[PDB]
Structure formats: structure tokens, C-alpha cells
$ cat work17.csv   # CSV, C-alpha atoms and all ligand atoms
chain,number,residue,atom,x,y,z
V,1,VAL,CA,-6.5,-26.2,7.7
V,2,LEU,CA,-7.5,-25.0,11.2
V,3,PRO,CA,-7.7,-26.9,14.6
V,4,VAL,CA,-10.8,-25.2,16.0
V,5,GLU,CA,-14.3,-26.5,16.9
V,6,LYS,CA,-17.6,-25.0,15.6
V,7,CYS,CA,-19.3,-22.0,17.4
V,8,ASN,CA,-22.6,-20.2,17.2
V,9,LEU,CA,-21.4,-16.9,15.6
V,10,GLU,CA,-23.1,-14.8,18.3
V,11,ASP,CA,-21.7,-17.0,21.1
V,12,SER,CA,-19.0,-14.5,21.8
V,13,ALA,CA,-17.1,-16.6,24.3
V,14,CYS,CA,-16.7,-19.5,21.8
V,15,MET,CA,-15.7,-17.1,19.1
V,16,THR,CA,-13.0,-15.3,21.2
V,17,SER,CA,-11.5,-18.7,22.2
V,18,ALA,CA,-11.7,-20.0,18.6
V,19,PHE,CA,-9.9,-17.0,17.2
V,20,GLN,CA,-7.4,-17.5,20.0
V,21,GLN,CA,-6.7,-21.1,19.2
V,22,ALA,CA,-6.7,-20.6,15.4
V,23,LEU,CA,-4.2,-17.7,15.3
V,24,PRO,CA,-0.8,-19.4,15.2
V,25,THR,CA,-1.8,-21.6,12.2
V,26,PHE,CA,-3.7,-18.8,10.4
V,27,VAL,CA,-0.7,-16.4,10.7
V,28,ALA,CA,1.7,-19.1,9.6
V,29,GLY,CA,-0.1,-18.8,6.3
V,30,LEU,CA,-2.6,-20.8,4.3
V,31,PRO,CA,-1.6,-20.7,0.6
V,32,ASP,CA,-4.9,-22.1,-0.9
V,33,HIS,CA,-7.1,-19.8,1.0
V,34,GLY,CA,-5.9,-16.2,0.6
V,35,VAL,CA,-3.6,-16.3,3.5
V,36,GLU,CA,0.0,-15.0,3.5
V,37,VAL,CA,2.4,-15.3,6.3
V,38,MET,CA,1.2,-12.7,8.7
V,39,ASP,CA,4.1,-13.0,11.1
V,40,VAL,CA,6.4,-11.7,9.8
V,41,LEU,CA,3.9,-9.6,7.8
V,42,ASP,CA,5.2,-7.7,4.8
V,43,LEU,CA,3.8,-4.3,4.5
V,44,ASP,CA,3.4,-2.4,1.2
V,45,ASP,CA,5.6,0.6,0.9
V,46,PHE,CA,3.9,3.8,2.0
V,47,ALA,CA,4.4,7.4,2.5
V,48,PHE,CA,2.7,10.2,4.5
V,49,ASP,CA,2.7,13.9,5.1
V,50,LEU,CA,1.2,14.6,8.5
V,51,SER,CA,1.6,17.5,11.0
V,52,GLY,CA,4.7,18.7,9.2
V,53,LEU,CA,6.5,15.2,9.1
V,54,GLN,CA,7.2,13.8,5.6
V,55,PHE,CA,7.6,10.0,6.2
V,56,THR,CA,8.3,6.9,4.1
V,57,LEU,CA,8.5,3.3,5.1
V,58,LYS,CA,9.9,0.8,2.6
V,59,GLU,CA,10.0,-3.0,2.9
V,60,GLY,CA,8.0,-2.6,6.1
V,61,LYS,CA,7.6,-5.6,8.5
V,62,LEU,CA,5.4,-6.3,11.4
V,63,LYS,CA,6.4,-9.0,13.9
V,64,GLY,CA,4.4,-10.1,16.9
V,65,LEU,CA,0.9,-11.0,15.5
V,66,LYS,CA,1.7,-14.6,16.2
V,67,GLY,CA,1.8,-13.4,19.8
V,68,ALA,CA,-1.5,-11.4,19.8
V,69,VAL,CA,-4.1,-11.9,22.6
V,70,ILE,CA,-7.8,-11.9,21.5
V,71,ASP,CA,-9.8,-10.0,24.1
V,72,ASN,CA,-13.3,-10.2,22.5
V,73,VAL,CA,-15.2,-11.2,19.3
V,74,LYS,CA,-18.6,-9.7,18.8
V,75,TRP,CA,-20.3,-11.1,15.7
V,76,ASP,CA,-23.7,-9.4,15.1
V,77,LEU,CA,-26.0,-11.2,12.6
V,78,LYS,CA,-28.7,-8.6,12.4
V,79,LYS,CA,-26.1,-5.8,11.8
V,80,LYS,CA,-23.9,-8.1,9.6
V,81,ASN,CA,-21.1,-6.5,11.6
V,82,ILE,CA,-18.1,-8.1,13.4
V,83,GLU,CA,-16.2,-6.3,16.2
V,84,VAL,CA,-12.8,-7.7,17.1
V,85,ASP,CA,-10.8,-6.5,20.2
V,86,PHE,CA,-7.2,-7.7,20.8
V,87,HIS,CA,-3.7,-6.6,21.9
V,88,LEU,CA,0.0,-7.6,21.4
V,89,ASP,CA,3.5,-6.4,21.8
V,90,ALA,CA,4.7,-5.6,18.2
V,91,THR,CA,7.8,-4.7,16.3
V,92,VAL,CA,7.7,-2.6,13.1
V,93,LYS,CA,10.8,-2.6,11.0
V,94,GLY,CA,11.9,-1.2,7.6
V,95,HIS,CA,13.7,1.3,5.5
V,96,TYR,CA,12.5,4.8,6.4
V,97,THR,CA,13.1,8.4,5.4
V,98,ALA,CA,12.2,11.6,7.4
V,99,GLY,CA,11.6,15.2,6.2
V,100,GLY,CA,10.3,18.5,7.6
V,101,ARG,CA,9.6,18.5,11.3
V,102,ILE,CA,8.4,16.3,14.2
V,103,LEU,CA,6.6,18.7,16.5
V,104,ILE,CA,9.1,21.3,17.6
V,105,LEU,CA,12.3,19.6,16.2
V,106,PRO,CA,13.5,19.5,12.5
V,107,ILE,CA,14.1,16.0,11.2
V,108,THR,CA,16.2,14.5,8.5
V,109,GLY,CA,17.1,10.8,8.3
V,110,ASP,CA,17.4,8.0,5.7
V,111,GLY,CA,18.1,4.6,7.4
V,112,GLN,CA,16.6,1.8,9.4
V,113,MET,CA,13.7,1.9,11.9
V,114,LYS,CA,12.8,-0.5,14.7
V,115,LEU,CA,9.7,0.5,16.6
V,116,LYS,CA,8.7,-1.6,19.6
V,117,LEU,CA,5.1,-1.4,20.7
V,118,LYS,CA,4.2,-2.5,24.2
V,119,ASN,CA,0.6,-3.6,24.8
V,120,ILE,CA,-1.0,-2.1,21.6
V,121,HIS,CA,-4.8,-2.4,21.8
V,122,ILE,CA,-6.8,-2.6,18.6
V,123,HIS,CA,-10.5,-2.2,18.0
V,124,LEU,CA,-11.4,-3.7,14.6
V,125,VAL,CA,-14.9,-3.3,13.2
V,126,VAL,CA,-15.8,-5.1,10.0
V,127,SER,CA,-19.0,-5.0,8.1
V,128,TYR,CA,-20.0,-7.9,5.8
V,129,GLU,CA,-22.5,-9.5,3.5
V,130,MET,CA,-23.6,-13.0,2.7
V,131,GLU,CA,-22.9,-13.9,-0.9
V,132,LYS,CA,-23.4,-17.1,-2.8
V,133,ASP,CA,-20.4,-18.0,-5.0
V,134,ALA,CA,-20.5,-19.9,-8.3
V,135,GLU,CA,-21.3,-23.4,-6.7
V,136,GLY,CA,-24.3,-22.2,-4.5
V,137,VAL,CA,-22.5,-22.1,-1.2
V,138,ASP,CA,-22.7,-18.9,0.8
V,139,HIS,CA,-19.7,-17.2,2.1
V,140,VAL,CA,-19.1,-14.4,4.6
V,141,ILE,CA,-17.7,-11.6,2.3
V,142,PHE,CA,-16.0,-8.8,4.3
V,143,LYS,CA,-16.8,-5.3,2.8
V,144,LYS,CA,-15.6,-2.5,4.9
V,145,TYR,CA,-13.6,-1.9,8.1
V,146,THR,CA,-12.8,0.8,10.6
V,147,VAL,CA,-9.8,0.4,12.9
V,148,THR,CA,-8.7,2.3,16.1
V,149,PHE,CA,-5.6,1.8,18.3
V,150,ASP,CA,-4.0,2.5,21.7
V,151,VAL,CA,-0.4,1.9,22.5
V,152,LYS,CA,-1.1,1.5,26.3
V,153,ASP,CA,2.2,0.6,27.8
V,154,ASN,CA,5.0,2.0,25.6
V,155,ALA,CA,6.5,2.9,22.3
V,156,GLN,CA,10.3,2.9,21.6
V,157,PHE,CA,12.0,4.4,18.6
V,158,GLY,CA,15.1,3.1,16.8
V,159,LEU,CA,16.2,5.2,13.8
V,160,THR,CA,19.5,5.0,12.2
V,161,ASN,CA,21.2,7.8,10.2
V,162,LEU,CA,19.2,10.7,11.5
V,163,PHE,CA,20.6,14.1,10.3
V,164,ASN,CA,23.2,12.3,8.2
V,165,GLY,CA,24.7,10.5,11.2
V,166,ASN,CA,25.4,13.6,13.4
V,167,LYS,CA,25.2,12.1,16.9
V,168,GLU,CA,24.3,15.3,18.7
V,169,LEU,CA,21.1,15.9,16.8
V,170,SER,CA,20.2,12.2,16.5
V,171,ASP,CA,20.4,11.6,20.3
V,172,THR,CA,18.4,14.8,20.9
V,173,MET,CA,15.8,13.7,18.4
V,174,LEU,CA,15.6,10.1,19.7
V,175,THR,CA,15.3,11.3,23.3
V,176,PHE,CA,12.4,13.5,22.2
V,177,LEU,CA,10.6,10.7,20.4
V,178,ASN,CA,11.1,8.3,23.4
V,179,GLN,CA,10.0,10.8,26.1
V,180,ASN,CA,6.8,11.9,24.1
V,181,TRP,CA,6.1,8.5,22.7
V,182,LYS,CA,2.4,8.7,23.3
V,183,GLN,CA,1.7,12.0,21.5
V,184,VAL,CA,4.0,10.7,18.7
V,185,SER,CA,1.9,7.5,18.5
V,186,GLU,CA,-1.4,9.4,18.4
V,187,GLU,CA,0.1,12.0,16.0
V,188,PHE,CA,1.5,9.6,13.4
V,189,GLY,CA,0.3,6.0,14.2
V,190,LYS,CA,-2.8,5.9,12.0
V,191,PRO,CA,-1.1,5.3,8.6
V,192,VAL,CA,1.2,2.7,10.2
V,193,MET,CA,-2.0,1.1,11.6
V,194,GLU,CA,-3.7,1.4,8.2
V,195,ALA,CA,-0.8,-0.3,6.5
V,196,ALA,CA,-1.2,-3.4,8.7
V,197,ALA,CA,-5.0,-3.4,8.7
V,198,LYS,CA,-5.1,-3.1,5.0
V,199,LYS,CA,-3.1,-6.3,4.8
V,200,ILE,CA,-4.9,-8.1,7.8
V,201,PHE,CA,-8.5,-7.4,6.6
V,202,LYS,CA,-7.4,-8.5,3.1
V,203,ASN,CA,-6.1,-11.8,4.4
V,204,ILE,CA,-9.1,-12.7,6.5
V,205,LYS,CA,-11.4,-11.6,3.6
V,206,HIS,CA,-9.6,-14.1,1.4
V,207,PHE,CA,-9.9,-16.9,3.8
V,208,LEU,CA,-13.7,-16.5,4.2
V,209,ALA,CA,-14.3,-16.0,0.5
V,210,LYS,CA,-12.7,-19.5,0.1
V,211,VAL,CA,-14.4,-21.4,3.0
V,212,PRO,CA,-18.2,-22.0,3.0
V,213,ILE,CA,-20.1,-20.5,5.9
V,214,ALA,CA,-21.8,-23.9,6.3
V,215,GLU,CA,-18.2,-25.3,6.8
V,216,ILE,CA,-17.0,-23.2,9.7
V,217,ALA,CA,-20.3,-22.1,11.4
V,218,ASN,CA,-23.4,-23.6,12.9
V,219,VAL,CA,-25.3,-23.3,9.5
U,1,LIG,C1,-5.8,-11.0,13.6
U,1,LIG,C2,-6.1,-12.5,13.7
U,1,LIG,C3,-7.4,-12.9,12.9
U,1,LIG,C4,-7.2,-14.2,12.3
U,1,LIG,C5,-8.4,-15.2,12.5
U,1,LIG,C6,-9.5,-15.0,11.4
U,1,LIG,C7,-10.9,-15.5,11.8
U,1,LIG,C8,-11.0,-17.0,11.7
U,1,LIG,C9,-12.4,-17.4,12.2
U,1,LIG,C10,-12.2,-18.4,13.4
U,1,LIG,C11,-13.5,-18.7,14.1
U,1,LIG,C12,-14.2,-19.9,13.5
U,1,LIG,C13,-15.7,-19.7,13.4
U,1,LIG,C14,-16.3,-21.1,13.7
U,1,LIG,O1,-15.7,-22.1,13.5
U,1,LIG,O2,-17.5,-21.1,14.2
U,2,LIG,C1,8.3,8.1,13.0
U,2,LIG,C2,6.8,8.0,13.4
U,2,LIG,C3,6.3,6.6,13.2
U,2,LIG,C4,4.9,6.5,13.9
U,2,LIG,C5,4.8,5.3,14.8
U,2,LIG,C6,4.0,5.5,16.1
U,2,LIG,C7,3.6,4.2,16.7
U,2,LIG,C8,2.3,3.7,16.2
U,2,LIG,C9,2.2,2.2,15.9
U,2,LIG,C10,1.2,1.8,14.8
U,2,LIG,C11,0.5,0.4,15.1
U,2,LIG,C12,1.0,-0.8,14.4
U,2,LIG,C13,-0.1,-1.7,13.7
U,2,LIG,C14,-0.5,-3.0,14.5
U,2,LIG,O1,-0.2,-3.2,15.7
U,2,LIG,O2,-1.1,-3.9,13.9

$ encode --input "work17.csv" --output "C-alpha cells"
Amino acid sequence: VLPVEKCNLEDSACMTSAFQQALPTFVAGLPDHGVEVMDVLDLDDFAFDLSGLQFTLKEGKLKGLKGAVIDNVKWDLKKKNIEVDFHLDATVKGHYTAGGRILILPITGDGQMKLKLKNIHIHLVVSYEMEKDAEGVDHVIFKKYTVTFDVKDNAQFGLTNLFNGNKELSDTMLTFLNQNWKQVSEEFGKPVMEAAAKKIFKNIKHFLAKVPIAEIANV
């Protein structure tokens, strides 16, 4: 399993440093807990219709979670809530399509995407409950999460076969995207975020349904 020593759950310095040190092994996958490979992370296909853009990503991938930096862990035992702050440079790949408009430009494209995220900050809030399982050990059972984000340094857009390959229009569109990267991030990033959070919350939840609380915590 995991090469990390035991914390008080509300010792938030120990928890931050334990998350830090446990990450590479966790995101390499643990098949007998619930833990897939989380770098590269396979995202479920999704679709959205937002601010006039119709957007699909198929066989989506997220690379860079191996590389993430844990900023703070705040486990709160009265609230049975956990807050997790981190950041990373990520890449998001996959087969995309594009319909309708982005902001003031019309868009059509069916090809490949490579987004590069530079210093993306995440604020993950998880609520939980303590359950006993079948064999009378308690586990931390995650229930619900909120997530917020913040691409602080930069976002770049690579999109192949825009407007059926027509250079003029593709270049114009990609220049637009790349210049207003931050508005575009705030305008369309939430369902891309949701897509990874849905998988990340799921994987953690699996882990801790499998390991006894008495096993990884101070009682
Ligand atoms: C996005 C990366 C999150 C993956 C890490 C999941 C949390 C594992 C808990 C590690 C802390 C151990 C607690 C303890 O031993 O006291
Ligand atoms: C064509 C518009 C696509 C919208 C992408 C905007 C950039 C937002 C990145 C989303 C965050 C990725 C999730 C994560 O870092 O775990």
C-alpha cells in the first residue's frame, strides 16, 4: 500500500505532508482498494451546452496529477468535513467536437484537443460520515463534494480540424481562445473540472471504504 506515517486527522500540517508523500503511489493505482491509475486519468465521455457553445470530449485524459502540489488539508471532525487545497500544471487531451459559438466567434471543429493548464488551483470540500462495514470496523465514507478552480498562470488551446481545416478561421479562433484564456476558463471550465472531480472523489471514496479508519488514523 502506502508509505506514509500516522497523523492526528486535525493536525493539518501532518495531513498536508502525508497527502503529499502518498500521492505518487496512490495515483499509480491500487487495484484492491478502489484506485485506478489517476495519471494518466481516463475521463468518461461528456457533453455540454453552455453560453452558446455545444461541446463534446471523448476518450478524455488528464495528465499531471502525479505532479500536483498539496497546499493544505483541513479535516474537521465536528463538521465531518474535509477541505483540500492543491495546484498543478495539467494537460487535458481527447477527441472533441464544437458547435454554435464561443463568445463573439462561430465555431465548428471535430478533431483533437490538447489544453495545457498552468498553475491550476483547486479547492475541494468533501463531507463525510462514519460507517461501520460488515466486519465491525468503521470507515470514513465520503458523501458529497463541492469543487472550485482557478487557472492562475495560463491556459493554452490546441484544437485540430476547426471549421473543417480552413486555416484562416482556425488561426483566428485559436488566437481568440489563447488571448482570452481566462474568461474562456471561467466560462467553460466547470464541466471539465466536474469530469475530473467526479473520477477523483470516486477513487478516494473507494480507497477509504476499503481501509479501516483504525488503520490509517490515530484511532
Ligand atoms: C488528489 C490526490 C488525493 C489522493 C490522496 C487521498 C488521501 C489519502 C489519505 C492520506 C493521509 C493518511 C491519513 C493518516 O495516515 O493519518
Ligand atoms: C473549449 C473549451 C474547453 C474549456 C477548458 C477551459 C480550461 C479549464 C480547465 C478545467 C480544469 C481541469 C481539472 C483538473 O485540473 O483537475

$ closest_atom_pairs --input "work17.csv" --of "chain V" --to "ligand LIG 1 (chain U)" --cutoff "9 Å" --atoms "only C-alpha atoms and all ligand atoms" --output "tab-separated table"
residue	atom	partner	partner_atom	distance
V:2	CA	U:LIG1	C10	8.4
V:4	CA	U:LIG1	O1	6.3
V:5	CA	U:LIG1	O1	5.7
V:6	CA	U:LIG1	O1	4.1
V:7	CA	U:LIG1	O2	3.8
V:8	CA	U:LIG1	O2	6.0
V:9	CA	U:LIG1	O2	5.9
V:14	CA	U:LIG1	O2	7.8
V:15	CA	U:LIG1	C11	5.7
V:16	CA	U:LIG1	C11	7.9
V:17	CA	U:LIG1	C11	8.3
V:18	CA	U:LIG1	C11	5.0
V:19	CA	U:LIG1	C10	4.7
V:20	CA	U:LIG1	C5	7.9
V:21	CA	U:LIG1	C10	8.4
V:22	CA	U:LIG1	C10	6.3
V:23	CA	U:LIG1	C4	5.5
V:24	CA	U:LIG1	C4	8.7
V:26	CA	U:LIG1	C4	6.1
V:27	CA	U:LIG1	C4	7.0
V:38	CA	U:LIG1	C1	8.7
V:65	CA	U:LIG1	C1	7.0
V:66	CA	U:LIG1	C2	8.5
V:68	CA	U:LIG1	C1	7.6
V:70	CA	U:LIG1	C2	8.0
V:84	CA	U:LIG1	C1	8.5
V:86	CA	U:LIG1	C1	8.0
V:200	CA	U:LIG1	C1	6.5
V:201	CA	U:LIG1	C1	8.3
V:203	CA	U:LIG1	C4	8.3
V:204	CA	U:LIG1	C6	5.4
V:205	CA	U:LIG1	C6	8.7
V:207	CA	U:LIG1	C6	7.8
V:208	CA	U:LIG1	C8	8.0
V:213	CA	U:LIG1	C14	8.7
V:215	CA	U:LIG1	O1	7.8
V:216	CA	U:LIG1	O1	4.2
V:217	CA	U:LIG1	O2	4.1
V:218	CA	U:LIG1	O2	6.5

$ write_last_selection --input "work17.csv" --atoms "C-alpha atoms" --output "CSV table (one decimal), keeping the file's coordinate frame"
chain,number,residue,atom,x,y,z
V,2,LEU,CA,-7.5,-25.0,11.2
V,4,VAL,CA,-10.8,-25.2,16.0
V,5,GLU,CA,-14.3,-26.5,16.9
V,6,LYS,CA,-17.6,-25.0,15.6
V,7,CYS,CA,-19.3,-22.0,17.4
V,8,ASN,CA,-22.6,-20.2,17.2
V,9,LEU,CA,-21.4,-16.9,15.6
V,14,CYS,CA,-16.7,-19.5,21.8
V,15,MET,CA,-15.7,-17.1,19.1
V,16,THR,CA,-13.0,-15.3,21.2
V,17,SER,CA,-11.5,-18.7,22.2
V,18,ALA,CA,-11.7,-20.0,18.6
V,19,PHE,CA,-9.9,-17.0,17.2
V,20,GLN,CA,-7.4,-17.5,20.0
V,21,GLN,CA,-6.7,-21.1,19.2
V,22,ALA,CA,-6.7,-20.6,15.4
V,23,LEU,CA,-4.2,-17.7,15.3
V,24,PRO,CA,-0.8,-19.4,15.2
V,26,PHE,CA,-3.7,-18.8,10.4
V,27,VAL,CA,-0.7,-16.4,10.7
V,38,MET,CA,1.2,-12.7,8.7
V,65,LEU,CA,0.9,-11.0,15.5
V,66,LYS,CA,1.7,-14.6,16.2
V,68,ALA,CA,-1.5,-11.4,19.8
V,70,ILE,CA,-7.8,-11.9,21.5
V,84,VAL,CA,-12.8,-7.7,17.1
V,86,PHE,CA,-7.2,-7.7,20.8
V,200,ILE,CA,-4.9,-8.1,7.8
V,201,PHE,CA,-8.5,-7.4,6.6
V,203,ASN,CA,-6.1,-11.8,4.4
V,204,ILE,CA,-9.1,-12.7,6.5
V,205,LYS,CA,-11.4,-11.6,3.6
V,207,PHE,CA,-9.9,-16.9,3.8
V,208,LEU,CA,-13.7,-16.5,4.2
V,213,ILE,CA,-20.1,-20.5,5.9
V,215,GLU,CA,-18.2,-25.3,6.8
V,216,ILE,CA,-17.0,-23.2,9.7
V,217,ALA,CA,-20.3,-22.1,11.4
V,218,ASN,CA,-23.4,-23.6,12.9

$ closest_residue --input "work17.csv" --among "V:157, V:163, V:75, V:46" --to "ligand LIG 2 (chain U)" --atoms "all atoms listed in the file"
V:157

$ closest_atom_pairs --input "work17.csv" --of "range 16-102 of chain V" --to "range 118-142 of chain V" --cutoff "10 Å" --atoms "only C-alpha atoms" --output "JSON lines"
{"residue": "V:68", "atom": "CA", "partner": "V:120", "partner_atom": "CA", "distance": 9.5}
{"residue": "V:69", "atom": "CA", "partner": "V:121", "partner_atom": "CA", "distance": 9.6}
{"residue": "V:70", "atom": "CA", "partner": "V:122", "partner_atom": "CA", "distance": 9.8}
{"residue": "V:71", "atom": "CA", "partner": "V:121", "partner_atom": "CA", "distance": 9.4}
{"residue": "V:72", "atom": "CA", "partner": "V:123", "partner_atom": "CA", "distance": 9.6}
{"residue": "V:73", "atom": "CA", "partner": "V:124", "partner_atom": "CA", "distance": 9.6}
{"residue": "V:74", "atom": "CA", "partner": "V:125", "partner_atom": "CA", "distance": 9.3}
{"residue": "V:75", "atom": "CA", "partner": "V:126", "partner_atom": "CA", "distance": 9.4}
{"residue": "V:76", "atom": "CA", "partner": "V:127", "partner_atom": "CA", "distance": 9.5}
{"residue": "V:77", "atom": "CA", "partner": "V:128", "partner_atom": "CA", "distance": 9.7}
{"residue": "V:79", "atom": "CA", "partner": "V:127", "partner_atom": "CA", "distance": 8.0}
{"residue": "V:80", "atom": "CA", "partner": "V:128", "partner_atom": "CA", "distance": 5.4}
{"residue": "V:81", "atom": "CA", "partner": "V:127", "partner_atom": "CA", "distance": 4.3}
{"residue": "V:82", "atom": "CA", "partner": "V:126", "partner_atom": "CA", "distance": 5.1}
{"residue": "V:83", "atom": "CA", "partner": "V:125", "partner_atom": "CA", "distance": 4.4}
{"residue": "V:84", "atom": "CA", "partner": "V:124", "partner_atom": "CA", "distance": 4.9}
{"residue": "V:85", "atom": "CA", "partner": "V:123", "partner_atom": "CA", "distance": 4.8}
{"residue": "V:86", "atom": "CA", "partner": "V:122", "partner_atom": "CA", "distance": 5.6}
{"residue": "V:87", "atom": "CA", "partner": "V:121", "partner_atom": "CA", "distance": 4.3}
{"residue": "V:88", "atom": "CA", "partner": "V:119", "partner_atom": "CA", "distance": 5.3}
{"residue": "V:89", "atom": "CA", "partner": "V:118", "partner_atom": "CA", "distance": 4.6}
{"residue": "V:90", "atom": "CA", "partner": "V:118", "partner_atom": "CA", "distance": 6.8}
{"residue": "V:91", "atom": "CA", "partner": "V:118", "partner_atom": "CA", "distance": 9.0}

$ atom_distance --input "work17.csv" --atom1 "CA of residue 209 in chain V" --atom2 "CA of residue 197 in chain V"
17.7 Å

$ atom_distance --input "work17.csv" --atom1 "CA of residue 185 in chain V" --atom2 "CA of residue 199 in chain V"
20.1 Å

$ closest_residue --input "work17.csv" --among "V:104, V:40, V:62, V:169" --to "ligand LIG 2 (chain U)" --atoms "only C-alpha atoms and all ligand atoms"
V:62

$ closest_residue --input "work17.csv" --among "V:189, V:95, V:150, V:160" --to "residue 174 in chain V" --atoms "only C-alpha atoms"
V:160

$ atom_distance --input "work17.csv" --atom1 "CA of residue 61 in chain V" --atom2 "CA of residue 98 in chain V"
17.8 Å

$ residues_around --input "work17.csv" --residues "residue 196 in chain V" --least-positions-apart "5" --cutoff "9 Å" --atoms "all atoms listed in the file" --output "VMD selection string"
chain V and resid 41 to 44 62 191 201

$ residues_around --input "work17.csv" --residues "residue 101 in chain V" --least-positions-apart "3" --cutoff "12 Å" --atoms "only C-alpha atoms" --output "number ranges by chain"
V: 49-55, 98, 104-109, 163, 173

$ closest_residue --input "work17.csv" --among "V:172, V:12, V:25, V:148" --to "ligand LIG 2 (chain U)" --atoms "all atoms listed in the file"
V:148

$ closest_residue --input "work17.csv" --among "V:37, V:219, V:93, V:31" --to "ligand LIG 2 (chain U)" --atoms "all atoms listed in the file"
V:93

$ closest_residue --input "work17.csv" --among "V:33, V:167, V:63, V:206" --to "ligand LIG 2 (chain U)" --atoms "all atoms listed in the file"
V:63

$ residues_around --input "work17.csv" --residues "residue 45 in chain V" --least-positions-apart "3" --cutoff "7 Å" --atoms "all atoms listed in the file" --output "JSON, numbers by chain"
{"V": [57, 58, 59, 60]}
